[PDB]
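The same protein chain appears twice below, in two forms, each given on its own as structure tokens and labelled structure 1 and structure 2.
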Structure 1
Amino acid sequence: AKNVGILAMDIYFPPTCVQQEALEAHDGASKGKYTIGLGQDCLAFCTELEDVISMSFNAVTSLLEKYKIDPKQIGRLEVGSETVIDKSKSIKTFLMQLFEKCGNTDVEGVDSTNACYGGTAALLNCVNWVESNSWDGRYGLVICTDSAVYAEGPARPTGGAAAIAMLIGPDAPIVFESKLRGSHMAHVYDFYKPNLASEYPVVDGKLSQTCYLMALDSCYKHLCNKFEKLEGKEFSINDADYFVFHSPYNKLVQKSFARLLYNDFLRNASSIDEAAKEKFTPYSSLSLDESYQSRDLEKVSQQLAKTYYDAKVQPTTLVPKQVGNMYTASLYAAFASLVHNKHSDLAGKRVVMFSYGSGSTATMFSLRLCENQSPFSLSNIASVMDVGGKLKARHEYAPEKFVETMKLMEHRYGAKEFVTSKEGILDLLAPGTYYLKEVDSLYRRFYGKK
């Protein structure tokens, strides 16, 4: 199996959304608190008719369909999600209905979990499966799916929902540079969900910033070390064409890329020019511990990174800014944004990906993009995903109707024995979309289509 990586991708997000500007006004918030301070424009959200299962159905069926993939040709199916539906029965098992109809039940894979990192863990397991002695010559299929918008509180504007499906196989247009990565994992209580009966997390804002930056620095350092062994030169921001990040909100993306410039400063890397050096020098006496909480450092790193950001990062932001936090699918939606925006110039380029999940688990890994024939080509991936079209076909909710919907979702969370209400909503879903009809008295969920 040569050149293993991503062959095909498709993406689903709910058409129902709320504009961040309007939400600012609805809340008691000063203008631009969300659109500038978070860097977020719009928030897609599941109504009562949509959930992680239904969104996965849309994305996988669309992928299978538009790339003309025989479902019998899937040898492994894996799911990343932090959205808990059952404590025992995996989301993977639900998705198997989509293969049973073909009689394809000999399929490896289950669910991977750690916060926003589960989709990455699955992706890597699937790539490793293709390269392994156990590979049977069939495709791997990875699903990242998540939905959560807190009905109340300060975290409500940072919600979102999507499912991404990725077909994995040899001879790919998107190739894993297998040795060029670094991971960081640790036992921390930065952000976790310890109360099984509620969606509210315990958050330690203090620890969480320290944890995320520590993971990012550490992944970058490990990847740089690997690069130095591989290519015999020190890595800098100049050695990749694009940097793609886990993108819960856009401001964190800006800070993340800027932190990489600071790292380059510390390593006296060649991305750091004359003037940049002089900008960072006042901060050369800061300890690492000190570096994580310095606002002044943040702003200078931001000033330095500014020009590189528009070239290397900005094209990865379309979907996350228009949809919101997609949790496990976030990084892959940023990547999908990149393909949408730059497909005709991506052949030959290096793309660095950074995946994070609180608790904490993180990996920075590198991809090389390649010219390939359709249907497994960058151009055909951009065409199939139709991100432009999906964005044009959205339906805006007033913040009012949005808040009522979130209260409704709060009511249906971990609940049994109800029928969803289709009146006014089904009209908004595109033709062929899966939706939740009812959850019976034994918590069993039933779906329709269209």
Structure 2
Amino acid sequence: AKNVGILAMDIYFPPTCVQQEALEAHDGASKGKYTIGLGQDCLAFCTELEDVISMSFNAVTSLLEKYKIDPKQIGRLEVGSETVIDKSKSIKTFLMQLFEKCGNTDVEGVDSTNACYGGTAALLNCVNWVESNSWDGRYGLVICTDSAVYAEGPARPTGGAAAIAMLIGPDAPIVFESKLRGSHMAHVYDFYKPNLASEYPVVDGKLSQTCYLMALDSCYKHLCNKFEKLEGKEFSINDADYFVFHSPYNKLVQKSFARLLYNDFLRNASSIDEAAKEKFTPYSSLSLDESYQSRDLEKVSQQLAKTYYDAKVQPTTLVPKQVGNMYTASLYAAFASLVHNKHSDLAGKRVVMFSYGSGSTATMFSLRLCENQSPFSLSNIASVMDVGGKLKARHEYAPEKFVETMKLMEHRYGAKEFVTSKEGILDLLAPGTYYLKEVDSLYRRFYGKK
């Protein structure tokens, strides 16, 4: 099995959303604290009618149909997520509802967990499966599904929701560079979910971004080393046409790419000109911990990175800026954002991917894109995903109705025996959407279509 990677992808996000300007107004935020300070435009959320299972059915059904793939042809199916509705019954078993109709039950894989990183873990597990002595010749399919929610406080504005499906196989338009990658894994308490009964994480910020950066530095050094072995030169920011990052909120995407540039300094690589060396050297006396901590160093770094960031990163930002944190699916939404904007320039390019998950699991990895027959082509993928069309099928909420909805969802998380109220909501969803109809007194879940 050769040139294995991503053959096809498709995305779903709830059409229901709230505008960030409007929300600054609703909280008492200073003007542009969400739109500029966080970097965010719009925030998509599950109502009572939607969840990570219904979203997942939407993405799978949609990939299958539109790419003309038939369901007997899926031989591995894995789900990444951190949104747990059941502590033992995996989302993967729910998806099996879709395969029971054609009698394909010989299908490997379960759910992968770790924070905004489980999807990546799954997609690796799938690449490895196509390449393995146990491969039965069929496609793998990976789902990234999640629903990001915070309590009332300052972290609410960073929520989002989405499912993403990827079809995995040989002779792909999006090929893994097998050896080009670095991971960092650690034991930290930057972001976690110790409240069994709550939908909401416990989140430190004085580690949140520290640990993202600690991990990014380390995955970056490890990819650098592998590159010097493989290609005979030091890696710098010039050696890839694009960097795509986990996108909890856009501000952090900016900082992260800036940080790559600052790392290129540290190593004297060939993307740090005479004048950057000048601007940076004020800071070479910082301890490592000091370098994570310096608001001056950030400013300097972001400022140096701005034109590089327009060529290498801005086109990866559409979806994240318009939907919000997608946890496991966030990186892969940024990647779809890049296929949508730049697919005609991508043939023959190198896209570098950085995945992250708090508690601390992370992998930077590399992809070589190329030319290939429909349906498994960069253009065809941009066409099926239809990002533009979907951004246009949205339905705005006043920050007040958003709040009420958040309250409702707080009441149904981990609850049993209710029927979902459809009035005025069902009509808001695309024909053919899967929606939660009810939860019985034994917590069993029941889903509708159309």
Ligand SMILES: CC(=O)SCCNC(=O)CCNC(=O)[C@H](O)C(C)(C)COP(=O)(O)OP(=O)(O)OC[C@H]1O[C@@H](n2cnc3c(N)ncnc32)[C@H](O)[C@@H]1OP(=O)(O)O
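What we label the rigid core is the largest C-alpha set whose atoms superpose within 1.5 Å from one form to the other. Quick note, the numbers are simply positions in structure 1, starting from 1.
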query	finding
Panel number for the form deposited without the ligand	1
Rigid-core fit between structures 1 and 2, the member of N104, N225, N238, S208 whose C-alpha shifts 2 angstroms or more	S208
Rigid core fit then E199 CA moved by 2 Å or more between structures 1 and 2	yes
Shift in Å of the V149 Cα between structures 1 and 2 [rigid core superposition]	2.1
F57: CA movement between structures 1 and 2 [superposed on rigid core, Å]	0.3
Per-residue Cα shift, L286, between structures 1 and 2 [Å; core superposed]	1.1
